């Protein structure tokens, strides 16, 4: 067809950094326009064959840091997996990079919020951006994780 279709909840976060929910084949022509080097994938489920073939054909590296898709109020975001994903984001060699989960609201929102903390954003600005994507599914647990996340080791 004649039009591009960004994936669910697509946004540019920064120079060379994007966020979304799970891309499907209708989104591949749009993703090709970004010249991605990397995908940071935050779900534990195996990457579907369709997505794997797109990744391979397009020369994109897959980084998988599987965070269990927990529902409130029993959400347990591993600090370690967010820290390893931030290390990938902070290396310009991996850019352009797309961060995605299933809908790009919770696991993706936490990783982006922790990056904003490293960029010295005030918490209210971090939460406002998180809530723009999470909307009616904004979780206190996601924001509490960002509130407590320690930026000592990086900064």
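Residue numbers count along the first chain shown, from 1. Take the two forms, find the largest set of C-alpha atoms that superpose within 1.5 Å, and that set is the rigid core.
Visitor: Aligning on the core, I want to see which stretch wanders more in 5 other deposited structures of this protein. Is it 145-153 or 2-10 by C-alpha RMS?
Guide: Clearly, after the core fit, the stretch farther away in 5 other deposited structures of this protein is 2-10.
Visitor: Which is higher in the entry, the mean Cα B factor of 124-132 or that of 57-65?
Guide: According to the entry, 57-65 carries the higher average C-alpha B-factor.
Visitor: Looking only at CA atoms, which has the higher mean B factor in the entry: 37-45 or 92-100?
Guide: Higher mean C-alpha B-factor in the PDB entry: 37-45.
Visitor: Out of 31, 52, 112, 118, which residue has the highest Cα temperature factor in the PDB record?
Guide: When the deposited C-alpha B-factors of 31, 52, 112, 118 are compared, 52 is largest.
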